[PDB]
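> below is the sequence, then the experimental coordinates.
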Amino acid sequence: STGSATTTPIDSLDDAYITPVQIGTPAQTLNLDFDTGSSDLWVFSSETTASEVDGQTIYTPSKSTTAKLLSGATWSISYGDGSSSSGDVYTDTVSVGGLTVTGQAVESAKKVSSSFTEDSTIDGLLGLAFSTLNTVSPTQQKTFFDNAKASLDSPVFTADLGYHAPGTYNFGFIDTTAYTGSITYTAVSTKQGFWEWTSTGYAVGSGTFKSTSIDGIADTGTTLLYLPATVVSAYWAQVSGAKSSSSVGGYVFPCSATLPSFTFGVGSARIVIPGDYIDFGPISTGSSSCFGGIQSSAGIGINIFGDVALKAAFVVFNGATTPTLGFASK
């Protein structure tokens, strides 16, 4: 089997991407944030505290003839950005772009934190990291990809995120028309439950490539690119007027600037992030100070290849017995 679904930016900045997901019988379609940095499929639901719902589409398990309460099961998750949610668990039929899993754990939110409430466009998350990070207790549950794997033509999914445009998540096959040149594969460590890999270095603009190992995670659920302070300082030094602002919470730059590109290494290959991808616009409405898309990972504890990086590539998440990551230009 295979699946193919379009993923759409939630706003003009590409702050996140939503992908339609069918849950239950008859289908209830919810727009979920596919997140390769976490491993819970959770949804706004009929059980969500009413004051914490503001425009989201909800899953109502009582209206699904295939929903079954997973007795005794609860979940609770906290994300790197400080947001959180928690609730109980159903199993139900879940389909993504024509690919169907029966008995998928659907985590029903009873509580969500303010940032979720305030984002009317995201109805929940669909985790695509390794199932070892799944928070369901007392019986840990599998991700959608893990459940689908054996049935897929090939045990892979691909992320093809657009810049200010729709893109695609494919399951079970590699669309050879979706990228240029070849796919370069690189080793993955699953020890922290993430799609963790090591980049071979970076360049700023038309500058020389610096060979240096940068360990990080491929995370579709993080907006920006978070790298070591040394790397990030080197990038923003090439932008007149750029500075790190503690009051704003990172590097800002004059909105009048032309940003240089940023290149990262995947083995001997190179992925180029155009300068425009690194612009996240005014820090507040009307401001001429703009927020940078490359930020320091210092104090996160991990480097994150988020959407800013991933949307410059066609990315293969290879879930073979020994997982690997593949990157191609596009």
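Sure, I can see it. Residues are numbered from 1 along each chain as shown.
> and whichever strand or helix holds residue 272, what other elements does it pack with?
Element membership of residue 272, judged by DSSP states H and E, is strand 269-273. For strand 269-273, the helices and strands in contact under the criterion 3 or more Cβ pairs under 8 Å, 6 or more residues apart in numbering; DSSP states H and E are strand 262-266, helix 307-310. To be clear about C-beta, it is placed using only N, CA and C from the backbone, and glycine gets the same treatment.
> any idea how far whichever helix or strand comes after it is from the chain center?
For strand 269-273, the following helix or strand on the C-terminal side (DSSP H and E) is strand 279-282. From the chain centre to the centre of strand 279-282 is a distance of 19 Å (Cα atoms, centre = their mean, to the nearest Å).
> and stretch 226-234, by the same measure?
Distance of stretch 226-234 from the chain centroid (Cα atoms, centre = their mean) equals 21 Å.
> could you check how far the closest residue to residue 27 other than its chain neighbours is from residue 30?
Residue nearest to residue 27 in three dimensions, not counting chain neighbours: residue 95, with 7.2 Å by Cβ to Cβ, 6 or more residues apart in numbering. From residue 95 across to residue 30, the span is 11 Å (Cβ to Cβ, to the nearest Å).
> ditto for residue 218
Applying Cβ to Cβ, the value for residue 218 to residue 30 is 24 Å.
> tell me what residue 317 is bridged to.
Beta-bridge pairing for residue 317 (DSSP bridges): residue 157, residue 325.
> could we number from 866 for the rest of this?
Let's use 866 as the start, then, which means that last one is residue 1182.
> ok, now which ones touch it?
Shown in contact with residue 1182 (Cβ atoms under 8 Å, 6 or more residues apart in numbering): 901, 993, 1010, 1021-1024, 1060, 1083, 1188, 1190.
> of all these, which comes closest to residue 910?
Using Cβ to Cβ, residue 993 comes nearest to residue 910 of the contacts of residue 1182, at 20.7 Å.
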